[PDB]
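Enquirer: experimental structure and its sequence below.
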Amino acid sequence: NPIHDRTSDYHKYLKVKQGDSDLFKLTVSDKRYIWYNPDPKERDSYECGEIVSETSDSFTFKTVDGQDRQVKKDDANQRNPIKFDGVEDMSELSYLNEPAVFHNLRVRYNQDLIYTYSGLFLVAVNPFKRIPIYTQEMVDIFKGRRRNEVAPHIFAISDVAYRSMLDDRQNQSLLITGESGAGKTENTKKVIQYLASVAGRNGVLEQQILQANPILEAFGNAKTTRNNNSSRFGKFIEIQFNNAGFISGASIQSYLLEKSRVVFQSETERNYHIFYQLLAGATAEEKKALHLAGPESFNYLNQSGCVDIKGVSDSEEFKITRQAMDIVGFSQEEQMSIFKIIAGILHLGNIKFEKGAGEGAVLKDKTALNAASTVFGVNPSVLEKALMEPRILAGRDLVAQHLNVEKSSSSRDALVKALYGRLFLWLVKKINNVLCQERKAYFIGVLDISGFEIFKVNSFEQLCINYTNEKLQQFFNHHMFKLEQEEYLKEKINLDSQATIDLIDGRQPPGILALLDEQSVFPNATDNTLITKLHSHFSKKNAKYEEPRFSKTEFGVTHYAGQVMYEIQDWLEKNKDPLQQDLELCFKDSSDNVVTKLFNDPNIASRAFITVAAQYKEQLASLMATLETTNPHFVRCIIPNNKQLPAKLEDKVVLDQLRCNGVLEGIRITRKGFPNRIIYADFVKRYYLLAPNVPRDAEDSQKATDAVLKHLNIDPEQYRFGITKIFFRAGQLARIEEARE
Ligand SMILES: [Mg+2]
């Protein structure tokens, strides 16, 4: 049992290395430390100062350089005794302050221990290197072990969920969130891997379930400045099981796909992987049939100045993507058409519009246009017309308009985005068709989506994601509450989300989205109309809203994670996501078999119509409805720094996430009552020697406990006798630790 074999990789890689002795005496020390900011020239930078003295109200400690500073006891961040360095649950800490929390994480991280619990959460720090803890052999050690039984790990939480499902006959959910680059996806893949193995039918299905996300990754992921393999869409994976506990199917729901990246990427970034895959991977012959060239030959791929990802073979990935498609069940025909769509898009991006003639646009060279038309199988003349001379309803009149180059170009861009988003939607639907069962008994759903987003520039998509996150954090809050109450009950012992939530999705009075939708009805409304309406209703009138001192195009929202300033540019457009009807018409007649679906299947071609905001709101409520029916599990992924480097855990970077994702707040909350709770025998096992009476392995554990306690003359208010554990208040246990044997 690797778990008992101190020489195993299990031990090497997932546990704090255990020496020969276990004895208390070992960790003994006179020295008492404190966590201090060597400079409020920082406030997450801290050093450990040793307390060299104290007064009845404040401590005095040395600093690193040797300077004596003074602290208020009620302001000191006491450092936990060394025995606590490396515990598996932060709930085990006596002193639960910020620096102390970060320090435990860090000690663990320094030993490549990327997983640590914090009460209800599993906290996972990206190591930025591959630790060999996800082998089948690692899978097997986790089978059926309780939380307290094995080291912290994503496999552990997944096991706890599967057992819960089976035992309570209740659906479950794993919510995996945090910043881009944090490892959400990485961990989500490990959750699927695990389940397919502890519950798979020793199979085609399973293989298809696994080969499903590589298809989605090719189409939904891209290299950004924060992750070479960034998920540009959010997802909820339902893993379906029969009553016997075997995987029976699966379903995927995608959200917020970044269609905009198709037509533009920042410097060093890449467009979606598939473009590159096709281009590299296609057969000399397929190129000719697709009018394919190098990435440099395509405006949609030649602008950022990055057409390749280090250590990534686009050609080899193509092979992998195609294989996946093969496995899921995409027909070769279907696959051609999918590639055709990718090709056509590339062609659409290469169309050059010119003016002069007048104020109107024209197409002097039509190579590009013709290229896209062939691959899509639509009429280039019809296409051309729909591009620059769409017919617009001027009341009763249906007249064609001659668009300028700009307008012309943007329209082109909107056609590309709709084709991309619809394909994505169709691929998701194709895959669900295969995997998905109408006959499911139970499910474990996996949400891999970003946590709060607070960028230099915040736009509509950030408000959306942040809106979701206010809901998820309020859901965890409710959940912590119940579970916390429950514990207390079982042992015999003793917000604000709404307001932000309402400001965003409120109907009466109307909140942001409501107002946005309203403006959305008027063809002539502008960003200015919009921001002015927002300020009118909320500036100085809604406590979670802020009108900027000078910006005219932004507004701020006080979120759970702090204020977020948003820019209103293009919100109206984004809310309607328009596409010229004539473009719809052109493509509706497409001779292509996949293309026809994207335009003729109301379920793909249309939202409902309702606005983008209204759809986001409805989809978020459905998700939450689901979640509400599960027993949830929370994974908080954390990026150690902004450089994608191993062995470089940056305090400021880390602390900031801990503050935003709910970890430190929950600790704050916890720390207030009886954060430490220990199994009677566990307690004696360790502190027997502290009392002149007590046998290490006593049968009357509680007594034994009271014993020690009494010996020590500890203050009764600081502890609580529970039915199976001894409940301790903050710092009590550390002092205890600090006791002479
Ligand atoms: Mg991801």
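Expert: Sure thing, it's come through. Numbers count the residues shown, from 1 in each chain.

Enquirer: the residue lying closest to residue 680 once chain neighbours are set aside: neighbour count?
Expert: Leaving aside its chain neighbours, residue 680 sits nearest to residue 701 (3.3 Å; criterion: CB to CB, 6 or more residues apart in numbering). From N, CA and C alone the C-beta is placed, and that goes for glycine too. Counted by other CB atoms under 10 Å, the residues lying close to residue 701 total 20.

Enquirer: so what's residue 701 up against?
Expert: 680, 681, 683, 684 (CB atoms under 8 Å, 6 or more residues apart in numbering).

Enquirer: got a winner among these for most neighbours?
Expert: Going by other CB under 10 Å, residue 684 tops the contacts of residue 701 with 27 neighbours.

Enquirer: so which helix or strand takes in that one?
Expert: Assigned by DSSP states H and E, residue 684 belongs to helix 680-687.

Enquirer: what separates the nearest residue to residue 596 once chain neighbours are set aside from residue 713, distance-wise?
Expert: Nearest non-adjacent residue to residue 596, counting by CB to CB, 6+ apart: residue 590, 5.4 Å away. According to CB to CB, to the nearest Å, residue 590 and residue 713 sit 85 Å apart.

Enquirer: out of these two, which sits in the busier spot?
Expert: Set residue 590 next to residue 713 and count neighbours by other CB under 10 Å: residue 590 wins out with 21 against 7.

Enquirer: quick check: that one is in a strand.
Expert: No. Looking at residue 590 with DSSP: H, G, I helix; E, B strand; the rest coil, it is coil, so not inside a strand.

Enquirer: my read: it touches residue 375, true?
Expert: No. At 10.3 Å, residue 590 does not count as touching residue 375 under the criterion of CB atoms under 8 Å.

Enquirer: how about the helices in the stretch 301-450 of the chain?
Expert: Listed in chain order, the helices of the stretch 301-450 of the chain (DSSP state H, counting those that start in this stretch) span 314-328, 332-349, 367-376, 380-388, 405-435.

Enquirer: if we can go back for a sec, show me the contact partners of the helix holding residue 684.
Expert: Under CB under 8 Å, 6+ apart, the answer for helix 680-687 is 24, 694-698, 701-702, 704-705, 708, 724-726, 736, 739.

Enquirer: looking at those, which are in helices?
Expert: Of the contacts of helix 680-687, the ones assigned to helices by DSSP state H are 701, 702, 704, 705, 708, 736.

Enquirer: in ChimeraX, select just the buried ones from the residues you listed.
Expert: Buried members of the ones in helices among the contacts of helix 680-687 can be picked out in ChimeraX with the line below, counting by 16 or more other CB atoms under 10 Å:
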select :701,702,704,705,708,736
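
Enquirer: out of the ones in helices among the contacts of helix 680-687, which is nearest to the ion?
Expert: Of all the ones in helices among the contacts of helix 680-687, the ion sits closest to residue 736, with 43.1 Å by CB to the ion.

Enquirer: dump the residue contacts of residue 90.
Expert: 96, 101, 104, 105, 116, 117, 118, 119, 123, 667.

Enquirer: and which of the residues you listed is nearest the ion?
Expert: Closest to the ion, out of all of these and judged by CB to the ion, is residue 123, at 17.2 Å.

Enquirer: sec struct for that closest one, please.
Expert: strand.

Enquirer: where does the protein come near the ion, residue by residue?
Expert: 184, 185, 231 (CB under 5 Å from the ion).

Enquirer: rerun at 8 Å
Expert: Within the chain, the positions near the ion by CB under 8 Å from the ion are 180, 184, 185, 186, 188, 221, 227, 229, 230, 231, 448, 450.

Enquirer: return the helix or strand the third one falls within as PDB; C-alpha atoms alone will do.
Expert: Using DSSP H and E, the secondary-structure element containing residue 185 is helix 184-199. Taking Å, rounded to 0.1, in the frame of the first residue of the first chain, the C-alpha atoms of helix 184-199 are listed here in PDB:
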ATOM      1  CA  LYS A 184      -8.600  24.700 -14.200                       C
ATOM      2  CA  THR A 185      -8.600  22.800 -17.500                       C
ATOM      3  CA  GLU A 186      -5.700  20.800 -16.400                       C
ATOM      4  CA  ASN A 187      -7.600  19.800 -13.300                       C
ATOM      5  CA  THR A 188     -10.900  19.200 -15.100                       C
ATOM      6  CA  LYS A 189      -9.200  16.700 -17.400                       C
ATOM      7  CA  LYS A 190      -7.900  14.900 -14.300                       C
ATOM      8  CA  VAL A 191     -11.500  14.700 -12.900                       C
ATOM      9  CA  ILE A 192     -12.700  13.100 -16.100                       C
ATOM     10  CA  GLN A 193      -9.800  10.800 -16.300                       C
ATOM     11  CA  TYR A 194     -10.400   9.600 -12.800                       C
ATOM     12  CA  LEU A 195     -14.100   9.000 -13.200                       C
ATOM     13  CA  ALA A 196     -13.700   7.200 -16.500                       C
ATOM     14  CA  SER A 197     -11.400   4.900 -14.600                       C
ATOM     15  CA  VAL A 198     -13.200   4.300 -11.300                       C
ATOM     16  CA  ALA A 199     -16.600   4.000 -13.200                       C
END
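
Enquirer: what about residue 231, neighbour count?
Expert: Neighbours of residue 231 using other CB under 10 Å come to 24.
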